[PDB]
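**Student:** The file below is protein11.cif, mmCIF, C-alpha atoms and all ligand atoms:
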data_run
loop_
_atom_site.label_atom_id
_atom_site.label_comp_id
_atom_site.auth_asym_id
_atom_site.auth_seq_id
_atom_site.Cartn_x
_atom_site.Cartn_y
_atom_site.Cartn_z
CA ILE D 1 125.59 93.49 90.06
CA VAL D 2 128.14 95.39 87.93
CA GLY D 3 126.73 98.04 85.53
CA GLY D 4 123.15 97.72 86.74
CA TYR D 5 120.60 100.10 88.25
CA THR D 6 118.75 100.54 91.57
CA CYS D 7 115.66 98.35 91.30
CA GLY D 8 113.39 100.43 93.51
CA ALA D 9 112.09 99.17 96.87
CA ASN D 10 110.13 95.93 96.70
CA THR D 11 109.93 95.86 92.90
CA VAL D 12 111.45 92.35 92.90
CA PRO D 13 109.19 90.73 95.58
CA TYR D 14 110.53 87.18 95.23
CA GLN D 15 114.14 88.19 95.95
CA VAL D 16 115.55 86.82 99.20
CA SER D 17 118.72 87.71 101.14
CA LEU D 18 120.46 84.82 102.98
CA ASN D 19 121.98 86.10 106.18
CA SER D 20 124.33 84.74 108.83
CA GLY D 21 125.05 88.08 110.54
CA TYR D 22 125.75 89.63 107.11
CA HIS D 23 124.39 89.10 103.56
CA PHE D 24 126.24 86.25 101.82
CA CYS D 25 123.93 84.99 99.01
CA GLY D 26 120.61 85.64 97.27
CA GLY D 27 117.67 83.32 96.69
CA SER D 28 114.15 83.19 95.21
CA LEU D 29 110.87 82.54 97.03
CA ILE D 30 108.93 79.91 95.04
CA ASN D 31 106.05 79.41 97.48
CA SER D 32 105.24 80.50 101.07
CA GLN D 33 107.63 78.01 102.70
CA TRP D 34 110.39 77.30 100.16
CA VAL D 35 113.36 79.19 98.71
CA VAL D 36 115.61 78.17 95.77
CA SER D 37 119.29 79.20 95.91
CA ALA D 38 122.71 77.84 94.82
CA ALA D 39 124.28 74.78 96.45
CA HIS D 40 127.60 76.60 96.95
CA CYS D 41 125.74 79.08 99.18
CA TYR D 42 125.16 76.29 101.73
CA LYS D 43 126.10 76.82 105.35
CA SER D 44 124.41 76.18 108.69
CA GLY D 45 122.74 79.02 110.61
CA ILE D 46 120.86 80.61 107.71
CA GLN D 47 118.27 83.28 108.37
CA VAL D 48 116.14 84.09 105.31
CA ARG D 49 115.33 87.78 104.93
CA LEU D 50 112.29 88.61 102.83
CA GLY D 51 110.87 91.99 101.72
CA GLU D 52 114.28 93.65 101.80
CA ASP D 53 115.56 96.69 100.00
CA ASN D 54 118.22 98.37 102.16
CA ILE D 55 119.82 95.33 103.87
CA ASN D 56 121.44 97.47 106.54
CA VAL D 57 118.38 99.42 107.83
CA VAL D 58 115.02 98.06 109.12
CA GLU D 59 112.65 100.08 106.87
CA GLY D 60 109.42 98.11 107.27
CA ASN D 61 108.08 95.14 105.19
CA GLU D 62 110.88 92.77 106.24
CA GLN D 63 110.20 89.25 107.41
CA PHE D 64 113.09 87.36 109.01
CA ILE D 65 112.54 83.60 109.11
CA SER D 66 114.99 80.86 110.07
CA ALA D 67 115.75 78.07 107.64
CA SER D 68 114.51 74.74 109.11
CA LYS D 69 116.45 72.68 106.53
CA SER D 70 118.63 73.19 103.46
CA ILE D 71 118.69 70.47 100.79
CA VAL D 72 121.76 70.65 98.55
CA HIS D 73 121.23 68.69 95.28
CA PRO D 74 122.69 65.15 95.95
CA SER D 75 124.78 65.34 92.76
CA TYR D 76 126.28 68.79 93.31
CA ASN D 77 130.00 68.79 92.49
CA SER D 78 131.99 71.63 94.05
CA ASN D 79 134.88 71.30 91.61
CA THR D 80 132.79 71.72 88.46
CA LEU D 81 129.83 73.52 90.06
CA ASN D 82 127.53 71.15 88.20
CA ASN D 83 124.03 70.90 89.80
CA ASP D 84 124.50 74.12 91.70
CA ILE D 85 121.03 74.33 93.23
CA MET D 86 119.72 74.10 96.80
CA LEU D 87 116.23 74.22 98.33
CA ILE D 88 115.64 75.88 101.72
CA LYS D 89 112.51 75.15 103.77
CA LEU D 90 111.42 77.99 106.08
CA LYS D 91 110.64 77.30 109.73
CA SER D 92 107.39 79.20 109.28
CA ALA D 93 105.47 80.19 106.16
CA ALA D 94 106.03 83.72 104.93
CA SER D 95 103.16 86.24 104.81
CA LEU D 96 102.64 86.87 101.12
CA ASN D 97 101.55 90.31 100.07
CA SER D 98 102.45 92.89 97.41
CA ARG D 99 106.00 93.25 98.71
CA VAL D 100 106.69 89.56 99.37
CA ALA D 101 105.59 87.22 96.58
CA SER D 102 106.68 83.97 94.95
CA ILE D 103 107.99 83.50 91.39
CA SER D 104 106.82 80.68 89.08
CA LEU D 105 108.95 77.78 88.00
CA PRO D 106 109.34 77.36 84.19
CA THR D 107 107.23 75.04 82.09
CA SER D 108 109.91 74.95 79.40
CA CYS D 109 113.49 76.13 78.92
CA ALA D 110 114.17 79.62 77.52
CA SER D 111 115.74 80.29 74.10
CA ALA D 112 118.92 82.19 73.30
CA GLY D 113 118.10 85.90 73.02
CA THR D 114 115.44 85.85 75.76
CA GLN D 115 115.74 88.94 77.93
CA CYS D 116 115.95 88.34 81.67
CA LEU D 117 116.16 90.31 84.93
CA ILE D 118 118.98 89.49 87.34
CA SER D 119 119.12 91.07 90.79
CA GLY D 120 121.12 91.05 94.02
CA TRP D 121 123.20 92.81 96.66
CA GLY D 122 126.56 91.59 95.35
CA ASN D 123 129.66 93.52 94.34
CA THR D 124 129.15 96.45 91.97
CA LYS D 125 132.81 96.61 90.87
CA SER D 126 134.72 94.42 88.43
CA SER D 127 138.06 95.63 89.80
CA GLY D 128 137.73 96.13 93.59
CA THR D 129 134.88 95.59 96.08
CA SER D 130 131.90 97.83 96.64
CA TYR D 131 128.76 96.32 98.13
CA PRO D 132 125.44 98.24 97.80
CA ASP D 133 122.91 98.88 100.55
CA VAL D 134 119.92 98.60 98.22
CA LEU D 135 118.97 95.97 95.65
CA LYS D 136 120.50 96.33 92.17
CA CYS D 137 119.00 95.06 88.92
CA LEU D 138 120.31 94.14 85.48
CA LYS D 139 118.59 93.21 82.23
CA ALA D 140 120.62 90.65 80.29
CA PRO D 141 119.95 88.25 77.36
CA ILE D 142 120.53 84.47 77.38
CA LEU D 143 123.46 83.75 75.04
CA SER D 144 123.60 80.89 72.53
CA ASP D 145 125.16 77.65 73.75
CA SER D 146 127.90 77.86 71.12
CA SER D 147 129.03 81.29 72.35
CA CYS D 148 128.86 80.09 75.96
CA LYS D 149 131.02 77.02 75.25
CA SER D 150 133.47 79.13 73.22
CA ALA D 151 133.94 81.43 76.20
CA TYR D 152 134.41 78.62 78.70
CA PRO D 153 135.78 75.55 76.80
CA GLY D 154 135.23 72.31 78.72
CA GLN D 155 133.49 73.97 81.71
CA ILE D 156 129.84 74.28 80.62
CA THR D 157 127.59 71.30 81.40
CA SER D 158 124.03 70.77 80.12
CA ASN D 159 122.82 72.16 83.46
CA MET D 160 124.31 75.61 82.79
CA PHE D 161 123.69 78.52 80.46
CA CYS D 162 125.43 81.86 79.85
CA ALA D 163 123.70 85.25 80.06
CA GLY D 164 125.14 88.73 79.77
CA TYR D 165 127.34 90.83 77.52
CA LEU D 166 130.53 89.72 75.77
CA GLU D 167 131.77 93.30 75.56
CA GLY D 168 132.02 93.32 79.36
CA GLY D 169 130.87 96.04 81.79
CA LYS D 170 127.55 94.49 82.86
CA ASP D 171 127.31 91.24 84.87
CA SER D 172 126.33 89.64 88.18
CA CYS D 173 129.21 89.16 90.67
CA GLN D 174 130.12 87.67 94.08
CA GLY D 175 127.31 88.18 96.60
CA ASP D 176 124.68 87.84 93.86
CA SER D 177 125.14 84.04 93.92
CA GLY D 178 122.00 82.00 94.49
CA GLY D 179 119.79 84.82 93.26
CA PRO D 180 117.18 84.94 90.47
CA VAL D 181 117.33 85.12 86.70
CA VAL D 182 113.70 85.72 85.69
CA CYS D 183 112.67 85.65 82.05
CA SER D 184 109.06 86.25 81.01
CA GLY D 185 107.75 85.91 84.57
CA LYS D 186 109.49 82.54 85.14
CA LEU D 187 112.57 81.62 87.20
CA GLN D 188 114.94 80.28 84.53
CA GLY D 189 118.30 80.65 86.27
CA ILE D 190 120.24 80.86 89.51
CA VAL D 191 123.39 83.06 89.71
CA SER D 192 126.25 80.54 89.92
CA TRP D 193 129.69 81.61 88.62
CA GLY D 194 131.82 83.36 86.05
CA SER D 195 135.48 84.20 85.58
CA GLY D 196 135.85 87.45 87.50
CA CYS D 197 132.93 89.88 86.90
CA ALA D 198 131.97 91.88 83.80
CA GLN D 199 135.16 90.93 81.94
CA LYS D 200 135.18 90.91 78.10
CA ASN D 201 134.27 87.51 76.58
CA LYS D 202 133.67 85.99 80.04
CA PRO D 203 129.85 86.13 80.64
CA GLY D 204 127.96 84.98 83.71
CA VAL D 205 127.08 81.27 84.04
CA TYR D 206 123.80 80.26 85.56
CA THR D 207 122.18 77.04 86.79
CA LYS D 208 119.53 75.98 84.25
CA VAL D 209 116.41 75.65 86.41
CA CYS D 210 114.19 74.07 83.71
CA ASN D 211 116.30 70.89 84.05
CA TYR D 212 115.33 70.68 87.73
CA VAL D 213 111.59 71.32 87.90
CA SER D 214 110.53 67.72 88.55
CA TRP D 215 113.36 67.31 91.14
CA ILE D 216 112.15 70.47 92.94
CA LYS D 217 108.54 69.34 92.90
CA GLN D 218 109.26 65.79 94.08
CA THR D 219 111.59 67.00 96.84
CA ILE D 220 109.14 69.61 98.17
CA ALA D 221 106.34 67.05 98.07
CA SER D 222 108.27 64.64 100.30
CA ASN D 223 109.53 67.23 102.78
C1 LIG F 1 135.23 88.76 91.19
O1 LIG F 1 134.98 87.45 90.69
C2 LIG F 1 133.84 86.72 91.16
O2 LIG F 1 133.00 87.22 91.86
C3 LIG F 1 133.84 85.26 90.69
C4 LIG F 1 132.57 84.51 91.17
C5 LIG F 1 131.25 84.99 90.61
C6 LIG F 1 130.11 84.90 91.42
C7 LIG F 1 128.86 85.24 90.92
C8 LIG F 1 128.72 85.68 89.62
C9 LIG F 1 129.84 85.81 88.80
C10 LIG F 1 129.69 86.30 87.42
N1 LIG F 1 130.77 86.80 86.78
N2 LIG F 1 128.52 86.27 86.80
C11 LIG F 1 131.10 85.46 89.30
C12 LIG F 1 135.13 84.59 91.21
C13 LIG F 1 135.19 84.52 92.75
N3 LIG F 1 135.23 83.23 90.68
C14 LIG F 1 135.88 82.94 89.52
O3 LIG F 1 136.55 83.78 88.93
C15 LIG F 1 135.72 81.55 89.04
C16 LIG F 1 134.65 80.76 89.44
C17 LIG F 1 134.51 79.46 88.97
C18 LIG F 1 135.42 78.91 88.09
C19 LIG F 1 135.26 77.49 87.63
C20 LIG F 1 134.01 76.98 87.34
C21 LIG F 1 133.84 75.66 86.92
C22 LIG F 1 134.93 74.83 86.80
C23 LIG F 1 136.19 75.32 87.12
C24 LIG F 1 137.39 74.41 87.06
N4 LIG F 1 137.70 73.87 88.38
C25 LIG F 1 136.34 76.65 87.52
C26 LIG F 1 136.48 79.70 87.68
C27 LIG F 1 136.64 81.00 88.15
CA CA F 2 116.01 96.40 105.48
#
Written as structure tokens, how would this file's structure read?

**Tutor:**
Amino acid sequence: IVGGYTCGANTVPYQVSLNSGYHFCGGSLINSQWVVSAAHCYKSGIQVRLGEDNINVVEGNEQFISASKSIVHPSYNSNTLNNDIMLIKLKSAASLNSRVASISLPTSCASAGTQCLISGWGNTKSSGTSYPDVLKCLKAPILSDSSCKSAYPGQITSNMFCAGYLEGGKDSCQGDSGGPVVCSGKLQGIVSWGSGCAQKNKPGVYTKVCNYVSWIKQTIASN
């Protein structure tokens, strides 16, 4: 997160860290055994880390659970990043409590202007690299589809939306990928891509989760 603030320990209880000996992507807990992340975060050997704040120190409240399977959307395209969503089933159910909790899926898509909270342990610099120890947060509005398509001509599909600030200085960034965009208590987006980070007229692009709610439900029901 570039230009954000320290969230405060366990104030985002649905945030997940995906770990393979180091943090590489975020995710969102949507019930006690399933996590939603981005398809381009896929790799084998994923350990899901719940209840995290400082990812480098064991502070208490962490739960480390192996992924038993990761389901990349069958139509994900790595060249366009269309359908950039993945489900991860945990080997064991998480213990839900005040510090580890799930986030609700949307019942409808959010409008332009809706304020959202984005969080993660990604890069805090738009120029070099600086990774935080603790979770960073950012409030950002959903932009209109015409401004989004003007910023990225030919690259925005109907499964994507832009959120952020066209003046630059505040954005998500590498390492935040797969993590949550929560608007009004509902998971509306997944951190997916952007051109650089926090650059002027190049906002963040996010997977539009409301287009995938019946796919998520049908897939979890059969697995
Ligand atoms: C430093 O810069 C970064 O980290 C970002 C990635 C990234 C990751 C997470 C969030 C954000 C963001 N800005 N919100 C950005 C870097 C590594 N990536 C890019 O430049 C980048 C990523 C995708 C495309 C791209 C997307 C769709 C189609 C095509 C045509 N084939 C290209 C173009 C540039
Ligand atoms: Ca920790």

**Student:** Could you jot down the CA of residue 213 in chain D to CA of residue 84 in chain D separation for me, Å, one decimal place?

**Tutor:**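 Answer for the CA of residue 213 in chain D to CA of residue 84 in chain D separation: 13.7 Å.
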
**Student:** Let me make sure I understand: among D:160, D:71, D:216, D:1, which one has the smallest atom-to-atom distance to residue 138 in chain D if we use all atoms listed in the file?

**Tutor:**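 Checking each candidate against residue 138 in chain D, we get D:1 as the closest.
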
**Student:** Which of these, D:112, D:48, D:55, D:90, has the shortest distance to ligand CA 2 (chain F) once you count all atoms listed in the file?

**Tutor:**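 That would be D:55, the residue with the smallest distance to ligand CA 2 (chain F).
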
**Student:** Give the answer as one residue: which of D:217, D:69, D:125, D:208 has the shortest atom-to-atom distance to ligand LIG 1 (chain F), using only C-alpha atoms and all ligand atoms?

**Tutor:**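 Result for the nearest residue to ligand LIG 1 (chain F): D:125.
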
**Student:** Go through D:148, D:135, D:105, D:118 and flag the residue nearest ligand CA 2 (chain F), using only C-alpha atoms and all ligand atoms for the distances.

**Tutor:**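 Using only C-alpha atoms and all ligand atoms, the shortest distance to ligand CA 2 (chain F) belongs to D:135.
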
**Student:** Could you list, as a list in words, all the residues within 7 Å of ligand LIG 1 (chain F), counting only C-alpha atoms and all ligand atoms?

**Tutor:**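 With only C-alpha atoms and all ligand atoms and a cut-off of 7 Å, ligand LIG 1 (chain F) is contacted by residues 79, 80, 81, 126, 155, 171, 172, 173, 174, 175, 176, 177, 191, 192, 193, 194, 195, 196, 197, 198, 203, 204 and 205 of chain D.
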
**Student:** How would the residues just chosen look if you wrote them out with C-alpha atoms as a PDB file, in the coordinates of the input?

**Tutor:**
ATOM      1  CA  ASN D  79     134.880  71.300  91.610  1.00  0.00           C
ATOM      2  CA  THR D  80     132.790  71.720  88.460  1.00  0.00           C
ATOM      3  CA  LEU D  81     129.830  73.520  90.060  1.00  0.00           C
ATOM      4  CA  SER D 126     134.720  94.420  88.430  1.00  0.00           C
ATOM      5  CA  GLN D 155     133.490  73.970  81.710  1.00  0.00           C
ATOM      6  CA  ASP D 171     127.310  91.240  84.870  1.00  0.00           C
ATOM      7  CA  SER D 172     126.330  89.640  88.180  1.00  0.00           C
ATOM      8  CA  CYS D 173     129.210  89.160  90.670  1.00  0.00           C
ATOM      9  CA  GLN D 174     130.120  87.670  94.080  1.00  0.00           C
ATOM     10  CA  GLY D 175     127.310  88.180  96.600  1.00  0.00           C
ATOM     11  CA  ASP D 176     124.680  87.840  93.860  1.00  0.00           C
ATOM     12  CA  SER D 177     125.140  84.040  93.920  1.00  0.00           C
ATOM     13  CA  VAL D 191     123.390  83.060  89.710  1.00  0.00           C
ATOM     14  CA  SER D 192     126.250  80.540  89.920  1.00  0.00           C
ATOM     15  CA  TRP D 193     129.690  81.610  88.620  1.00  0.00           C
ATOM     16  CA  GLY D 194     131.820  83.360  86.050  1.00  0.00           C
ATOM     17  CA  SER D 195     135.480  84.200  85.580  1.00  0.00           C
ATOM     18  CA  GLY D 196     135.850  87.450  87.500  1.00  0.00           C
ATOM     19  CA  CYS D 197     132.930  89.880  86.900  1.00  0.00           C
ATOM     20  CA  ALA D 198     131.970  91.880  83.800  1.00  0.00           C
ATOM     21  CA  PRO D 203     129.850  86.130  80.640  1.00  0.00           C
ATOM     22  CA  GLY D 204     127.960  84.980  83.710  1.00  0.00           C
ATOM     23  CA  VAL D 205     127.080  81.270  84.040  1.00  0.00           C
TER      24      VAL D 205
END

**Student:** For CA of residue 147 in chain D and CA of residue 189 in chain D, determine how far apart the two atoms are, in Å to one decimal place.

**Tutor:**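 Going from CA of residue 147 in chain D over to CA of residue 189 in chain D covers 17.6 Å.
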
**Student:** May I have a table of the residues of chain D lying at most 10 Å from ligand CA 2 (chain F), giving each one's closest pair of atoms and their distance in Å to one decimal, counting all atoms listed in the file, ordered by chain and ascending residue number, as a tab-separated table?

**Tutor:**
residue	atom	partner	partner_atom	distance
D:9	CA	F:CA2	CA	9.9
D:49	CA	F:CA2	CA	8.7
D:50	CA	F:CA2	CA	9.0
D:51	CA	F:CA2	CA	7.7
D:52	CA	F:CA2	CA	4.9
D:53	CA	F:CA2	CA	5.5
D:54	CA	F:CA2	CA	4.4
D:55	CA	F:CA2	CA	4.3
D:56	CA	F:CA2	CA	5.6
D:57	CA	F:CA2	CA	4.5
D:58	CA	F:CA2	CA	4.1
D:59	CA	F:CA2	CA	5.2
D:60	CA	F:CA2	CA	7.0
D:61	CA	F:CA2	CA	8.0
D:62	CA	F:CA2	CA	6.3
D:63	CA	F:CA2	CA	9.4
D:133	CA	F:CA2	CA	8.8
D:134	CA	F:CA2	CA	8.5

**Student:** I need the residue nearest residue 218 in chain D from this list: D:156, D:87, D:116, D:103. Use only C-alpha atoms for the distance.

**Tutor:**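 The answer is D:87, which sits nearest to residue 218 in chain D.
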
**Student:** For the atom pair CA of residue 190 in chain D and CA of residue 37 in chain D, what is the interatomic distance in Å to one decimal place?

**Tutor:**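 Rounded to one decimal, the two atoms are 6.7 Å apart.
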
**Student:** Please determine, counting only C-alpha atoms, which residue among D:201, D:44, D:188, D:11 has the shortest atom-to-atom distance to residue 108 in chain D.

**Tutor:** D:188
